[PDB]
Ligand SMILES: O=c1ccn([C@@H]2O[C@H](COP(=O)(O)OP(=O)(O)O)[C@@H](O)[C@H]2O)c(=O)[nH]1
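This document starts with one chain, in the form solved without the named molecule, laid out as structure tokens.
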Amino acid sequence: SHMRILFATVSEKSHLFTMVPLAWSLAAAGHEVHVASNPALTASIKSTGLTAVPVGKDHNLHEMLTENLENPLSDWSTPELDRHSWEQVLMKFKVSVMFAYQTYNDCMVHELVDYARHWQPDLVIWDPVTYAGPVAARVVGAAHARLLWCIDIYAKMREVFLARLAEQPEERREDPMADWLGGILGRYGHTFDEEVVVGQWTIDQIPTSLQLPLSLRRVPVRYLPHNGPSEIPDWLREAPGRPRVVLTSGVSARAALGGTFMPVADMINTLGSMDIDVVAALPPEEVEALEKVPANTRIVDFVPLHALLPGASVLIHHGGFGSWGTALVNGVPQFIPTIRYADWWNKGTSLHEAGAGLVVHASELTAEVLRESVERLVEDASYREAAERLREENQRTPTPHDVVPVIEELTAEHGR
């Protein structure tokens, strides 16, 4: 019967939007669903229809990032024993905890624990780098599960870490994740456990065929596009004269694209010279950039990506899940010029190896590569066919609706 369910996410709109269909599935089954994050994300939560719970204070991650992306210690794209000594994987955990996880989470973890103590959720569903979530859950005995937008490099890197940890003598064992999260749990009289790192189970929006196999309790769920507040405009109605090519700087990540590789304006100009229709979703920032707007190019601040991608031929993006997933469910071939940050590279590579799209490193992106890649995805039918196979795989996955009872049972099993 009736549950209180707390969603927890770091203050990224892009992360939040991946959680909205599952949150609404649970609300639609009669459960109370509250979404907690830093105050900066309150307005975004409120536009999802879901109840927002602002917790703690805003953090400095964006200043830290812009003032300094892809270096070997931030590269979790190849989480394999073969490529990690103990000290390499330990160092990755040390730096990811210090720079990313603590910045994202420490600003709100105590306030989240407080809210959980007051509200007493039966279940906490957490974005996979929102480790404040399982801490708060554990303190109040709630069941808790990750909800994945990601190729699961996090749990896979953890597996590598634990294999190497087991090879060390007792005195040389160190775990930055256990120190950090165990420290916080200790202050509330609770123990650390490995389930705070990977959840009691994992609800996974990545199609099984493209996901890394792991020793987890895994609940596959269908990705349903939610790209933030949307309306269908009048101009959308007229189905497309020639191949439609869509380009997003993303939903975040706009303002951390290095600057140091091929500019937005150069990409627009390349696409401007092609026999296609271009729709470019660009932020006021990079909109000021451009001298001309090509004849074949329409520019938008907001577009409902899910409404735009039906019938489109190509989506060009940095590997964010909103874009990746929405193109996937529409069977649209993807071109992903990106970096080894988060799982973006894996998002590109997974499609590339399946023959459903193309990945290239952002640093290697030229007008010639852009043009040739788009041409190939338009002309070579093998791309659409492979994309269509992935579309069908998504379509066979149980919906949020279908997994509601599974989540209910798992909560009963693992919670208070």
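Residue numbers run from 1 along the displayed sequence. By rigid core we mean the largest C-alpha set that fits within 1.5 Å across both forms.
Missing here is the form solved in complex with the named molecule; even so, the following discussion is about that form.
Three or more ligand atoms within 2.4 Å of the backbone or C-beta would mean blocked. So with the named molecule superimposed as it binds in the entry with it bound, which is it here, open or blocked?
Output flag = blocked.
I need to confirm a contact call. Of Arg138, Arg146, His318, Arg244, which residue comes within 4.5 Å of the named molecule in the entry with it bound, counting heavy atoms only?
Here the answer is residue option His318.
Identify which of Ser252, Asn71, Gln168, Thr208 has a heavy atom within 4.5 Å of the named molecule in the entry with it bound; exactly one of them does.
Flagged contact: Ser252.
How about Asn394 - does it come within 4.5 Å of the named molecule in the entry with it bound, if we only consider non-hydrogen atoms?
Residue-level check for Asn394: no, no contact with the named molecule.
My question is simply whether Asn227 lines the interface with the named molecule in the entry with it bound - judged by any non-hydrogen atom within 4.5 Å.
Looking in the entry with it bound, residue contacts with the named molecule include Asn227, since a heavy atom lies within 4.5 Å.
So in the entry with it bound, is the named molecule close enough to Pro220 to count as touching (4.5 Å, heavy atoms)?
It does not: once the named molecule is placed as it appears in the entry with it bound, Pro220 has no heavy atom within 4.5 Å of it.
Contact with the named molecule in the entry with it bound for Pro294, defined as at least one heavy atom pair within 4.5 Å: yes or no?
So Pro294 does not count as contacting the named molecule.
To test your reading of this chain, name the stretch in 123-131, 212-220, 183-191, 302-310 whose heavy atoms come within 4.5 Å of the named molecule in the entry with it bound.
Partner-contacting stretch among the options: 302-310.
Heavy atom within 4.5 Å of the named molecule in the entry with it bound - qualifying residues of 322-347
Result: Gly322, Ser323.
Of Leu81, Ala255, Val95, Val293, the one whose Cα moves 2 Å or more between the shown form and the other one after core superposition
With the rigid core superposed, the residue that stands out is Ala255.
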